[PDB]
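Heads up: the structure comes next, in structure tokens.
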Amino acid sequence: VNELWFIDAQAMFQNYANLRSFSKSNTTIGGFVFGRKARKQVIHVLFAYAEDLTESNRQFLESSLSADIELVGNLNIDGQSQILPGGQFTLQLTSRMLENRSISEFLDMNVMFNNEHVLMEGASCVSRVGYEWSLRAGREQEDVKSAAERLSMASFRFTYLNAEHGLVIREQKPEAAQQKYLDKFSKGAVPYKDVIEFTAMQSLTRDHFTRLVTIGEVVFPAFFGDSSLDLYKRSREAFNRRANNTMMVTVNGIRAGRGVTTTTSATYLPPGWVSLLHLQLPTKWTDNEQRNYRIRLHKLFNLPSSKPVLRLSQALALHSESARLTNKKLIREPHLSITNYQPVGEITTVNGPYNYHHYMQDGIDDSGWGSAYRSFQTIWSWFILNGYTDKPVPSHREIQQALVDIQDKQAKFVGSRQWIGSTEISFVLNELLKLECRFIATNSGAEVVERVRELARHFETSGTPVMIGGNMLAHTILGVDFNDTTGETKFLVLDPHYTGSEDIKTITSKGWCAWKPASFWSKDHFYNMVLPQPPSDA
Amino acid sequence: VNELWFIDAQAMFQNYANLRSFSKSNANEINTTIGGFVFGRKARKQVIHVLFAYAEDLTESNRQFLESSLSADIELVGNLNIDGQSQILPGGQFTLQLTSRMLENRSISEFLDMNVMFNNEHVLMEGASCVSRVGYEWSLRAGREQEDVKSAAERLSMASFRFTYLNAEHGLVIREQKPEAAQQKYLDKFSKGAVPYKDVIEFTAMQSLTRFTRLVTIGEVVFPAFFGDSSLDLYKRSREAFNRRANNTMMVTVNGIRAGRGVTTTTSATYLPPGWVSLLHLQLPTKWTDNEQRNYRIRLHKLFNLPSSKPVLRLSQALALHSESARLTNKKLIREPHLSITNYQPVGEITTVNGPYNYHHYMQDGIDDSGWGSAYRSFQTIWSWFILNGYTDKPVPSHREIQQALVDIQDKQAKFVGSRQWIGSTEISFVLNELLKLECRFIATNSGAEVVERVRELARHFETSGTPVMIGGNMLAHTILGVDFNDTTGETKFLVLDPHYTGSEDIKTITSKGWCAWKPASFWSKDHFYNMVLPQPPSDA
Numbered sequence: 025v026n027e028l029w030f031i032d033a034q035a036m037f038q039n040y041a042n043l044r045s046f047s048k049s055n056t057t058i059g060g061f062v063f064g065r066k067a068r069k070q071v072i073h074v075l076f077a078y079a080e081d082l083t084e085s086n087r088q089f090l091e092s093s094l095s096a097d098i099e100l101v102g103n104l105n106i107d108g109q110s111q112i113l114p115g116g117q118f119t120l121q122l123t124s125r126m127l128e129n130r131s132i133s134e135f136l137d138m139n140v141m142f143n144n145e146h147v148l149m150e151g152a153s154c155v156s157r158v159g160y161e162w163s164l165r166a167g168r169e170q171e172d173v174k175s176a177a178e179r180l181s182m183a184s185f186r187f188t189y190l191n192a193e194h195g196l197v198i199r200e201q202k203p204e205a206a207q208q209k210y211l212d213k214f215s216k217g218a219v220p221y222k223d224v225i226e227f228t229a230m231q232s233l234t235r236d258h259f260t261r262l263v264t265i266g267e268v269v270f271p272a273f274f275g276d277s278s279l280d281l282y283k284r285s286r287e288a289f290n291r292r293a294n295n296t297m298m299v300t301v302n303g304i305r306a307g308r309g310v311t312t313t314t315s316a317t318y319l320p321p322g323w324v325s326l327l328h329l330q331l332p333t334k335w336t337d338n339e340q341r342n343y344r345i346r347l348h349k350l351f352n353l354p355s356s357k358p359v360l361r362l363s364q365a366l367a368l369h370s371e372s373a374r375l376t377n378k379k380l381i382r383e384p385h386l387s388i389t390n391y392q393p394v395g396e397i398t399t400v401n402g403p404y405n406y407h408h409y410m411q412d413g414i415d416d417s418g419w420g421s422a423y424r425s426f427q428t429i430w431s432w433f434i435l436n437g438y439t440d441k442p443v444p445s446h447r448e449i450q451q452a453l454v455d456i457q458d459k460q461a462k463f464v465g466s467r468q469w470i471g472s473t474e475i476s477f478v479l480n481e482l483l484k485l486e487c488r489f490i491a492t493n494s495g496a497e498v499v500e501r502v503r504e505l506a507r508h509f510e511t512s513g514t515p516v517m518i519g520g521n522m523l524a525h526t527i528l529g530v531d532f533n534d535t536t537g538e539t540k541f542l543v544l545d546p547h548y549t550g551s552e553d554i555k556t557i558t559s560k561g562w563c564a565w566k567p568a569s570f571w572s573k574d575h576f577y578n579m580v581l582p583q584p585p586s587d588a
Numbered sequence: 025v026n027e028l029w030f031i032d033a034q035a036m037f038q039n040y041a042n043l044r045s046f047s048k049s050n051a052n053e054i055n056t057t058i059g060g061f062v063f064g065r066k067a068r069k070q071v072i073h074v075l076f077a078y079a080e081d082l083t084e085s086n087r088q089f090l091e092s093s094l095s096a097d098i099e100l101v102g103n104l105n106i107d108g109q110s111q112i113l114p115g116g117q118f119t120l121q122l123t124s125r126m127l128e129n130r131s132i133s134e135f136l137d138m139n140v141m142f143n144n145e146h147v148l149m150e151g152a153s154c155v156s157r158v159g160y161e162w163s164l165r166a167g168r169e170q171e172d173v174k175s176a177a178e179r180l181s182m183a184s185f186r187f188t189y190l191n192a193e194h195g196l197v198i199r200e201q202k203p204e205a206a207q208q209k210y211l212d213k214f215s216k217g218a219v220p221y222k223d224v225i226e227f228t229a230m231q232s233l234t235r259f260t261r262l263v264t265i266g267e268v269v270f271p272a273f274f275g276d277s278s279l280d281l282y283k284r285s286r287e288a289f290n291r292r293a294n295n296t297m298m299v300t301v302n303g304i305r306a307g308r309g310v311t312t313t314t315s316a317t318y319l320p321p322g323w324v325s326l327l328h329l330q331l332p333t334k335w336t337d338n339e340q341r342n343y344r345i346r347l348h349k350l351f352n353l354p355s356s357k358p359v360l361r362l363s364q365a366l367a368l369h370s371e372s373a374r375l376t377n378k379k380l381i382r383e384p385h386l387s388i389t390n391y392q393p394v395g396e397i398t399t400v401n402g403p404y405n406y407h408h409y410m411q412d413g414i415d416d417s418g419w420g421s422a423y424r425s426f427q428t429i430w431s432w433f434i435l436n437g438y439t440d441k442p443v444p445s446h447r448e449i450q451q452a453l454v455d456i457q458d459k460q461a462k463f464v465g466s467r468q469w470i471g472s473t474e475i476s477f478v479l480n481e482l483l484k485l486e487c488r489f490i491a492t493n494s495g496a497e498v499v500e501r502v503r504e505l506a507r508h509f510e511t512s513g514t515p516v517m518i519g520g521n522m523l524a525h526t527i528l529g530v531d532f533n534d535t536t537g538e539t540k541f542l543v544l545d546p547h548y549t550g551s552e553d554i555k556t557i558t559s560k561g562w563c564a565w566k567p568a569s570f571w572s573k574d575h576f577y578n579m580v581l582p583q584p585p586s587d588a
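First to last, the sequence lines map onto chains B and Z. Numbering (the UniProt record's numbering) for the first sequence: 25 to 49, 55 to 236, 258 to 588. Numbering (the UniProt record's numbering) for the second sequence: 25 to 235, 259 to 588.
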């Protein structure tokens, strides 16, 4: 007797705002409503202009979302928006309610719907597959559409197998369903880091032109309670969407004369989504033609147009054989773990992912002098994990030899154990990356406690990790907790000294990625702070 | 002392007799001397196959054809020498020293006197048979087909280790493992007290999804699974098994071009020939003149030391191990129901049918033959034995087809052809003689007590002819497949296949609800006369 649908209204309003941010790159506005049809839950509300409301586009959108999410309906803003044949309802919206974010007005205009802060569920099964296509020259586009067409037909005989846990996913009659299969993996799991890696297989008893070989990930979610039968149906659908997505990107370049490009698989989980974004990227297109693609995708999936989101550098790596642009041994966002600490004021931290760099990694002994360098590397991780560069995290010898190329120290400083500081860092970035930087020069350790006002402003705008040096000791700061009416301040430090080659437990334990009170910084020595400034493109 | 070998010396003598069988003119012909190869389980020192061959066939090119045809756990382990004047092809670790008197007299004792480190053993068949249907594709450059096919099969064995065999039903999986990840006693639940021809674990052969004239050869691959087998032990075999079939497919294809028929596809067949405790794995050409075929039959018989009396390697005789494997007359029909029985224990000596057969009950062939069909239905079970044992390939006749034969042979009339009339053993014997030129023998009784008294005549029949027997009396027709008889107690039991109608192919009903079980001697009415027809098989391959 469940006739009510649930929908995160705030998420919908945000997506609408993200589309409106494109007065740079007037017609009416409509959209598609994607969600989980069975449990009647809206997961994705994608707005688009009238042009972009074609079947061609909704087929690209639905092929990019998780296999359990489908088109459940559309929406009509101000009663003058174009409506495509879609799901089982039509959201009645107004530009007035959408810009004021009046949930007060939405709820009583759409009766069947109740608000709900939608949350991430289930794990993420991932496996690498590969399909080869042959294209009759002169009619390449016509073949791709019919090559992927026959592929989605042959999807059933595919068999995904996990070895160490003895798991197998394949076609099976409903009576062969194992009921709480993989429940031990998806109980309190989240799609971003809880993965179940499978090996994709096919039976041996089945089977001037251009050939196209495409290898790529395939990701389908595993929830708590679903059976072996439910997992198979998703594993199949998840495949077809990856294939169709590949065909659409391919036929796009074909129709644009950019030839048959190879593709590259990527998974994303953009800003505030509770499901993943599955995309096949044309990595053979020109470096600028790729940029025009992220622009188009931002407009399609309603994404922020300020900072980059769909860069290959910041794509999730859920498969062990997937392309790593950072080091896979490293801890990613270690400061997320601390949940015990209670805010003694206003909370504000670094906006974005980053890797923990410290002593003893890079098969070096950084005893003492290494406190300086590692914080630079931590900063560098932020710039590739947020999609600004492809360049790997440089080593000590690479840093020093970039600080000689600019004629700063002295040549013997390559491979020198000699110390560096805040200023040295800012120069290295500038050289390697055409990047700017900002400073906070103090004369006392108490002075940084007075100037927390401008430290939080950095995390608000730029939101990059900051390097602080003084009293011979260098650390990294990810966030600050300031109370303007109490005066009480405390810092989120990241002691770049040696606390394990990846053991989050011991770190959190002894003040490493620890929260720091104001009396940390000695009031007898002076301190400098580097505030890395990210560029203005996406 | 420690390296004692085991060999079924009696079975070796038969293989020599089977090769010698094709001559039937001892000391009358002028021929090359006879040598042979000894195959067996090298690990446990157990000789399984002793294959004799005239000299010409004592070549490396031929030994590879034999070894690729035997089960995966069996390899070349030695030669043999008859009267010290045979050719020896270097190989193995020993050479059996046989003599002419030994092979004629079949003196096991004389074998053991000359071959000191050998002990005679009645070798039995162990373990189950794992089967999977596997396909592969070869490309042959025109003019270099023969050159490529030898190489295309080479690198196929090199990539046969990336395979994964998976049983969906029981969640069983065999793939490449690190020796420490080996799962001990893996398929003991399936291989304990099992036999290669009946107990079958079916897998689907899978490959990683991320890895001129064309030739594609699909076909089954069978490797044995024993008790106590490690998970790695099964992997080593499953790989060697596939390699051999591929080489066999290669060898058959190559010498096909050298013999005339050129490049032909091959169908895969697996046999359990008379007397063997292991299986025979063969790849057979699908296209060739009938001269080329019958010569191929005769030679496979000579090479594998098979009799020249029984037919052995007919396609219809091939085991039905895999489900997708083609079948001759196995529609929904159950093959050998009486084998799916362990409810029974002997009350004395027991002799049963020797060969496969199909259960033909009521209403199964479209039309409903209710209470008159029983005699026809047992006739059909008999006919199935003759096609499943390579005596013919003609399909099991329908009721109308049977009745027409009686009219053709001028027994019963044209209206008989139309009808729902009753027939018996005496009409059955006539149809077998008209349609198959068969000869039948009768056990004519006047009471159901005489049936029990003359049980030795049945036990003799199954021991000598092996064909299933229909019995007709008291308005009922049945099918006798075996007999249990204690010649001191007088206690007598009958194995009866009831032609009367069961639902469908379900042994649980048939085995337990009595439609195919053992019957007491009181099963036959003492007040009515009974006749039994004993179909007699011919004597040619």
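Note that CB positions come from ideal geometry on N, CA and C, so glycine has one too.
Three or more beta-carbon pairs separated by less than 8 Å are not found between the region 529-537 of chain B and the region 44-52 of chain Z, which leaves the two stretches without contact.
Taking every protein chain shown into account, the CB of residue 28 of chain B has fewer than 16 other CB atoms within 10 angstroms, so this residue is exposed.
Among the residues of chain B, those whose CB is under 7 Å from the CB of residue 228 of chain Z are 232, following chain order. Considering only B:411, B:71, B:437, the residue with the shortest C-alpha distance to residue 147 of chain B is B:71. Between residue 332 of chain Z and residue 279 of chain Z, the beta carbon gap of about 36 Å keeps them out of contact (Cβ cut-off 8 Å). Distance from the Cα of residue 564 of chain B is smallest, within the candidate group B:95, B:150, B:391, for B:391. Nearest CB-CB separation between residue 188 of chain B and chain Z: below the 8 Å threshold. The beta carbons of residue 141 of chain B and residue 230 of chain Z sit no closer together than 8 Å. The C-beta of residue 495 of chain Z has 16 or more other C-beta atoms within 10 Å across all chains shown, which makes the residue buried. Residue pairing by DSSP places residue 60 of chain B opposite B:76, B:104 in a beta bridge. Spanning the alpha carbons of residue 539 of chain B and residue 460 of chain B requires a straight line of approximately 40 Å. At least 8 Å separates the beta-carbon of residue 327 of chain B from that of residue 90 of chain B.
At a C-beta separation below 7 Å, residue 159 of chain B has these neighbours in chain Z: 233, 234. With a 10 Å radius around the Cβ and a threshold of 16 neighbouring Cβ atoms, residue 97 of chain B comes out buried. Taking 8 Å as the cut-off, the Cβ atoms of residue 110 of chain Z and residue 57 of chain Z count as close.
In the structure shown, residue 132 of chain B falls within a helical segment according to DSSP collapsed to helix, strand and coil. Straight through space, the alpha carbons of residue 75 of chain B and residue 487 of chain B are spaced by roughly 37 Å. Annotation: Cβ neighbours of residue 265 of chain B in chain Z (cutoff 8 Å, chain order): 234. Under the rule that a run must span 4 or more residues, the alpha helix (DSSP H) segments found entirely inside the region 496-541 of chain B read 497-500, 503-510. If you ignore the 5 residues before and after residue 583 of chain Z, its C-beta comes within less than 8 Å of the C-beta of 485, 486, 487, 488, 512, 514, all in its own chain and listed in chain order.
Judged by DSSP in its simplified three-state form, residue 317 of chain B adopts strand. Distance check between residue 115 of chain B and each of B:108, B:103, B:107, B:124 places B:103 closest, using alpha-carbon atoms only. For the region 322-353 of chain B, the beta-carbon criterion of a distance under 8 Å to any beta-carbon of chain Z is satisfied by none of its residues. With contact defined as three or more Cβ pairs closer than 8 Å, the region 283-302 of chain B and the region 175-186 of chain B are in contact.
Residue pairing for residue 230 of chain Z: DSSP places it in a beta bridge opposite B:232, Z:188.
Within the region 200-230 of chain Z, those residues whose Cβ lies closer than 9 Å to any Cβ of chain B are, in chain order, 201, 205, 228, 229, 230. A Cβ of chain B is located within less than 8 Å of the beta carbon of residue 195 of chain Z. Using a Cβ distance threshold of 8 Å, residue 546 of chain B and residue 387 of chain B do not count as a contacting pair. Our two residues, residue 440 of chain Z and residue 428 of chain Z, have alpha carbons roughly 15 Å apart in a direct line. Shown here, residue 444 of chain Z sits in coil according to DSSP, grouped into three states, outside any helix or strand.
For residue 33 of chain Z, the closest Cβ of chain B is not nearer than 8 Å.
Of all alpha-carbon atoms in B:120, B:38, B:55, B:92, the one lying nearest the alpha-carbon of residue 62 of chain B is that of B:120.
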